[PDB]
Each structure stands twice: as structure tokens, then as C-alpha cells.
There are 2 protein chains.
Amino acid sequence: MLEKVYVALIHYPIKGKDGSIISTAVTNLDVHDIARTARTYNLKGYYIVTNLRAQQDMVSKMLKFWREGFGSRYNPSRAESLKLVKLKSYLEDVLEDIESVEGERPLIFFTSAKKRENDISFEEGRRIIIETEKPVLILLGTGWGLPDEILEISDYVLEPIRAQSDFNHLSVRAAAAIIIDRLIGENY
Amino acid sequence: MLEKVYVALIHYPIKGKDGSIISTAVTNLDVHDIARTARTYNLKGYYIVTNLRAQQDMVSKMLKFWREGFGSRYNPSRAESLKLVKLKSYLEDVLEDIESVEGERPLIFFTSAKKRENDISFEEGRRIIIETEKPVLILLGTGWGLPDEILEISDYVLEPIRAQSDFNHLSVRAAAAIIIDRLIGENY
Ligand SMILES: C[S@@+](CC[C@H](N)C(=O)[O-])C[C@H]1O[C@@H](n2cnc3c(N)ncnc32)[C@H](O)[C@@H]1O
Ligand SMILES: C[S@@+](CC[C@H](N)C(=O)[O-])C[C@H]1O[C@@H](n2cnc3c(N)ncnc32)[C@H](O)[C@@H]1O
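Along every chain, residues receive numbers from 1 upward following the written sequence, which is not necessarily the numbering found in the entry; those without coordinates are excluded from display. Throughout, the order in which chains and ligands are written sets their labels, letters from A for the former and numbers from 1 for the latter. Values shown for side chains rest on all heavy atoms present in the structure; no hydrogens or waters enter the calculation.

- Method of determination, as annotated in the archive: X-ray crystallography, at 2.000 Å resolution.

1. Brief notes about the overall build of chain A
Okay, so step 1: Starting at the N terminus, helices and strands are each numbered in turn, a helix being any DSSP run of H or I of at least four residues and a strand any DSSP run of E of at least two. If you tally the helices and strands in chain A, you get seven helices and eight strands.
Okay, so step 2: The atom set for the radius of gyration is the C-alpha atoms, and the globule formula is 2.2 Å times the number of residues raised to the power 0.38. Over its C-alpha atoms chain A spans a radius of gyration of 16 Å, differing by no more than 12% from the 16 Å that the globule rule assigns to 188 residues.
Okay, so step 3: By principal-axis analysis of the C-alpha atoms, chain A measures approximately 50 × 40 × 35 Å.
Okay, so step 4: Here chain A holds 188 residues, and the buried ones make up 56% of them. Only protein chains enter the calculation, and the probe is 1.4 Å; a residue is then buried if its accessible area is under 20% of its type maximum, exposed if over 50%, and partly exposed in between.

2. Section: the pairing of strand β7 (residues 136–140) of chain B
Residues and elements named next belong to chain B.
Okay, so step 1: Buried residues dominate β7, accounting for five of its five residues.
Okay, so step 2: Taking every second residue as pointing to the same face, both faces of β7 are buried, with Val-136, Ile-138 and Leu-140 on one and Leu-137 and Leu-139 on the other.
Okay, so step 3: Two strands make a pair as long as DSSP finds a minimum of two bridges between them. Here strand β1 (residues 5–10) pairs with β7 via five bridges, running parallel. Bridging from a neighbouring strand, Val-5 pairs with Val-136 of β7.
Okay, so step 4: In terms of strand pairing, strand β6 (residues 107–110) meets β7 through three bridges, oriented parallel. Paired with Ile-108 across the bridge in β7 is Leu-137.
Okay, so step 5: A crossover connection joins β6 to the parallel β7 through helix α5 (residues 122–131); in handedness this β-α-β unit is right-handed. Orient the strands so they point away from the viewer; a crossover is then right-handed if the path from the first strand over the helix to the second runs clockwise.

3. Side note on the environment of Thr-24 of chain B
Residue and element names in this part refer to chain B.
Okay, so step 1: As for its placement among the helices and strands, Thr-24 is situated in the loop between β3 (21–22) and α1 (28–40).
Okay, so step 2: Its relative accessible area of 11% is what places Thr-24 among the buried residues.
Okay, so step 3: Contact partners of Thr-24, with chain neighbours within four places excluded, come to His-11, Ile-14, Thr-50, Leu-52, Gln-55, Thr-142 and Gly-143.
Okay, so step 4: Within polar-contact distance, the side chain of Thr-24 engages the side chain of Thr-142 at 2.7 Å. Only heavy atoms enter the contact rule, under which two residues are in contact if any of them lie within 4.5 Å. Pairs of N or O atoms are called polar contacts if they sit within 3.5 Å, as long as, within protein, a hydrogen donor faces a hydrogen acceptor (for residues adjacent in sequence, only side-chain-to-side-chain pairs).

4. Let's talk about a nonpolar patch on the surface
All names here are of chain A.
Okay, so step 1: Residues enter a patch when their relative accessible area is above 30% and they make no salt bridge; the linking distance is 9 Å between like charges and 5 Å between nonpolar side chains (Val, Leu, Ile, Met, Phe, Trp, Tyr). Areas reported as accessible are Shrake-Rupley estimates using a 1.4 Å probe. Residue values count occlusion only from the protein chains shown. The term salt bridge refers to a pairing of a side-chain nitrogen on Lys or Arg with a carboxyl oxygen on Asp or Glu at a separation within 4 Å. Residues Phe-65, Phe-70 and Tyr-74 make up a contiguous nonpolar surface patch of roughly 310 Å² in combined accessible area.
Okay, so step 2: Secondary-structure assignment places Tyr-74 in the loop between α2 (53–67) and α3 (79–82).
Okay, so step 3: By relative accessible area, which is 32% here, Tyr-74 ends up partly exposed.

5. Quick word on the pattern of salt bridges
Where charged atoms of side chains with opposite charge meet at close range, the side chains can pair.
Okay, so step 1: Scanning the entire structure with this criterion turns up 28 salt bridges over all chains.
Okay, so step 2: Between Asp-33 of chain A and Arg-173 of chain B there is a salt bridge, with the nearest N and O atoms lying 2.8 Å from each other. Placement of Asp-33 of chain A in helix α1 (residues 28–40) and of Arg-173 of chain B in helix α7 (residues 172–183) is noted, with the two residues assigned to different chains. In this pair, the class of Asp-33 of chain A matches that of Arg-173 of chain B, namely buried.
Okay, so step 3: Residues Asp-166 of chain A and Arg-39 of chain B are paired through a salt bridge, measuring 3.0 Å at the closest nitrogen-oxygen approach. Of the two residues, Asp-166 of chain A is situated in the loop between β8 (156–157) and α7 (172–183) and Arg-39 of chain B in helix α1; the pairing between them involves two chains.
Okay, so step 4: For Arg-39 of chain B, a relative accessible area of 9% puts it in the buried group.
Okay, so step 5: Via salt bridges that share partners, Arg-39, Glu-80 and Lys-83 of chain A together with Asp-166 of chain B belong to a single interconnected network.

6. Looking at the relation of the copies chain B and chain A
Okay, so step 1: Here the copies share a frame obtained from least-squares fitting of C-alpha atoms. Overlaying chain B on chain A yields an RMSD of 0.0 Å, the required transformation being a rotation through 180 degrees with an accompanying axial translation of 0.0 Å. Taken together, these values place the two copies in the relation of a two-fold axis.
Okay, so step 2: Take the interface residues of chain B: 100% of them recur as interface residues in chain A, which is what a same-surface contact looks like.

7. Focus on α5 of chain B
All names here are of chain B.
Okay, so step 1: Within the span of α5, buried status applies to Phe-122, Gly-125, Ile-128 and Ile-129. Taken end-on, α5 shows its buried residues confined to a sector of 115 degrees, consistent with a single buried face. Exposed residues lying more than 90 degrees from the buried face of α5 are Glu-123, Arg-127 and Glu-131.
Okay, so step 2: Contacts made by the buried residues of α5 are with β1, β6, β7, β8 (156–157) and α7. Our arc is simply the arc of the directions from the helix axis toward the C-beta atoms.

8. Notes on the packing of α1 of chain A against α2 of chain A
All names here are of chain A.
Okay, so step 1: Angles here are taken between N-to-C directions and fall from 0 to 180 degrees, while the axes themselves are lines fitted to C-alpha atoms, restricted in helices to the stretch in contact. Relative orientation of the contacting elements α1 and α2 amounts to 50 degrees, with a least axis distance of 10 Å. The angle between the axes of α1 and α2 places the two elements in the oblique class. The element α1 and its partner α2 pack so that their crossing is right-handed. Counted together, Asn-28, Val-31 and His-32 of α1 and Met-58, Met-62, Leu-63 and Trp-66 of α2 form the full contact between these two elements.
Okay, so step 2: In this count, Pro and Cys sit with the nonpolar residues alongside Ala, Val, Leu, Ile, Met, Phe, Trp and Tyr, while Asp, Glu, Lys and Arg are called charged and the others, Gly among them, polar. Its residues assigned to classes, the contact of α1 with α2 comprises five nonpolar, two polar and no charged. Roughly parallel here means an angle under 35 degrees, roughly antiparallel means over 145, roughly perpendicular means 65 to 115, and every remaining angle is called oblique. Left-handed is the label given to a crossing in which the near helix is rotated counterclockwise from the far helix by less than a right angle, and right-handed is the label when the rotation is clockwise.

Okay, structure coming up:
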């Protein structure tokens with residue numbers, strides 16, 4: 001059900017340009033942007049996943065500015081949307097947290113512009129979320145996309161958005177928005 | 001039809017916090033982000049509308065870096081998506097440009113998180129785009145939203161995304177993504 005859906009923005013492990021594994025910087029706008037989308041569709045949590053202590057520090061400081069500091073008193077909803085945000089160092093820590101919260105490890109939905117074998121449609125994904133009592137975790141990449149090691153542990157790969165177009169390389173913010181709208185939509 | 005749809009990001013006239021009319025800075029990521037969304041869904045053009053010469057200069061320089069300069073040789077598709085981008089000083093200049101291109105002034109679709117009287121659903125909007133031979137222009141706001149003077153000249157107001165939610169204050173990048181997916185979707 002729609003009150004048990006999570007999203008995670010992955011910064012490590014991430015594919016580099018030579019796809020080697022890299023660890024990306026967190027772009028500040030990604031935190032605010034995807035938090036607002038998650039909040040709008042009543043998702044349970046938004047995880048920012050990064051093993052870079054400099055990034056963890058920047059995100060933590062930013063979070064308390066907007067959640068506790070001056071920022072929390074001149075927005076309203078920066079802070080409302082940002083309450084959903086949790087920082088974690090690794091995907092495994094995300095999985096462990098959801099298991100603690102939900103009593104159960106989540107179904108993992110891999111996302112990619114690049115067509116994979118054995119994927120599901122968004123209609124098929126919506127059906128799963130409707131019919132399941134399991135928590136669902138939507139994974140979003142940075143850099144040059146989510147790596148094979150994460151693909152290997154994903155339960156489902158959602159088909160690419162606009163797979164038959166001549167161009168479908170969306171930002172992660174635009175992709176997240178569309179993915180969440182297709183899966184949750186105007187259902188309350 | 002889907003090969004005659006435009007999007008414009010409005011920075012002036014825009015509602016300020018006291019909603020007074022203000023002129024907003026163009027956030028660089030908005031140019032790249034919404035260009036990719038427009039390109040993915042095969043929209044005809046993406047207008048960046050700003051009457052601030054400092055903003056027009058920053059955007060122009062950025063455009064040629066990615067379209068002509070070094071940027072054009074180490075992406076592929078930054079430059080592909082950015083080809084859709086046109087800078088204009090005023091909404092009127094956008095309308096005038098589309099009239100020159102299409103032989104006809106466009107139908108204007110106003111967008112807002114805030115519920116208005118006399119709006120259309122996305123289903124109703126999709127129908128218009130399917131059945132029309134007129135160009136369509138989707139307007140997106142910055143700051144605290146599109147002002148009444150722009151509302152007054154809009155042919156249609158699309159209903160808010162997630163109007164019945166307790167929170168629907170999306171970023172313009174996330175909103176644009178969802179609006180475009182709802183109107184165009186997986187239609188080729
Ligand atoms: C490759 S990353 C980096 C993209 C870009 N450089 C940016 O500024 O965000 C984009 C991420 O968004 C998601 N994404 C982008 N396009 C998508 C599509 N067409 N279908 C499904 N997911 C997509 C995937 O999760 C992907 O890992
Ligand atoms: C008010 S502006 C500024 C929002 C935010 N400060 C940002 O960083 O983008 C957001 C714009 O995105 C569009 N928008 C946002 N939420 C929307 C919604 N729920 N339904 C339709 N359009 C929306 C509107 O065009 C609006 O003018």
C-alpha cells in the first residue's frame with residue numbers, strides 16, 4: 001500500500017564514466033527536490049545514501065538548518081518535506097533500517113533509462129504496490145547510473161521511462177517525479 | 001499533435017513572497033533538467049524567459065559552452081537536449097516566436113499547485129493536445145508561482161498535480177516532468 005513506499009538516491013556504489021565504481025557528490029537540490037516529490041505522494045521515507053563523510057556532513061548541516069535552524073522559520077514546507085529525509089552510508093544500511101521499521105526487508109525496484117532483460121512495466125509495478133503488504137524501495141542512481149552489483153540484488157527492474165523514444169536521459173529529479181507519479185498517481 | 005508542444009520557464013513577471021511582481025534568477029540546473037525532459041518527450045522547444053540581462057548572459061554563455069564549446073565534446077546529450085532551448089526576454093516574445101514558427105499563436109496552459117476555479121484535468125488537457133492542430137505552450141513558474149496577469153491571458157489552467165494531497169508543493173523540474181508525462185506519456 002501507498003503508505004509503505006520508500007525512495008533512495010544512491011551516490012555509492014555508482015557507475016563512473018568508464019563505469020568503474022565511483023562515489024558521487026550529493027547535489028544539494030536533489031535533497032530538497034526529491035523530498036518534495038516524496039512528500040507530495042505521501043511516501044514514507046527518502047534516503048540519501050553516501051559513504052563520503054564530507055557529503056554526510058554537508059547534508060546533515062543542511063538538514064538541521066532547514067529542520068531546526070533559521071531555515072525552519074522562513075520556509076514551511078522546506079522543513080515539512082525534509083522531515084522524510086534520512087542519511088545512510090550504504091544501501092545495506094537503508095535495507096537494515098526499513099527492516100527495523102517495517103519488520104521486513106523491502107522489495108527493491110531498480111530504475112534505469114537503459115533497457116534491461118526481464119523488467120516490469122509501470123502498470124505491473126503499480127499492481128505490486130497495490131497488492132503487497134511488503135515495504136517497497138525505489139532506487140535512483142547518480143553519475144552514470146546504478147551498477148550491476150545493485151542490479152543483482154534488485155527484486156524488480158522497472159522498464160525505462162520513454163524506452164521507445166530517441167532520447168530518454170532524464171535527470172534523476174525528473175525521473176523520480178515520473179516514476180512516483182506512474183506508481184502512485186492520484187490515488188489516496 | 002505531440003510534435004507541436006512547447007514549454008516555457010517563466011522568471012518574469014513572477015510572484016514574490018509578498019506577491020508583488022519580482023524577477024527571479026535562472027537556476028542553472030533548471031535549464032539542463034527541463035531541456036532533458038522536453039527532449040525525452042519530443043517537445044518542439046523550451047523557452048527560458050527572463051528580462052534580467054545578467055541572467056540572459058549567464059544562460060547564453062552556458063548554452064554555447066555546451067552547444068559549441070568544450071562541453072559539446074564531452075557530453076552528447078547535454079548538447080542534444082540543449083538544442084531545444086531558446087532564450088527570450090518576455091512571454092510576449094515567446095508567443096511572437098511560436099506564431100512566426102507555427103503561423104499561429106499557441107494555446108496557453110497555466111500550471112499551479114494552487115487550485116483555481118475553471119481548470120481542466122490532465123485527461124482533458126491530453127484530449128486537447130490530441131485533437132488540436134494549434135501549437136500548445138505549457139507555462140511553468142518560479143519564485144512563488146505564475147502571477148494573475150499571466151493567469152488572465154492563459155487559455156487553460158491545468159488542475160494541480162496531487163490537488164487532494166496534504167502537500168503538493170513540487171519543484172518546477174518535478175512538476176514539469178509529471179505534467180509532460182501526463183500530457184504526452186508513452187505516445188509516439
Ligand atoms: C544516470 S543518473 C544521472 C543523470 C543526470 N546526469 C542528472 O543530472 O541527474 C539518472 C538517474 O535517474 C534515473 N533515470 C534517468 N532516466 C530514466 C529513465 N528514462 N527511466 C527510468 N529511470 C531514469 C535512473 O535512476 C538514473 O540512475
Ligand atoms: C512556485 S514555483 C517554485 C517551487 C520551488 N521553490 C522550486 O524550487 O522549484 C513551482 C512551479 O512548478 C509548478 N508546480 C509546482 N507544483 C505543482 C503542482 N502541484 N501542480 C502543477 N504545477 C506545479 C508550477 O508551474 C509552479 O509555478
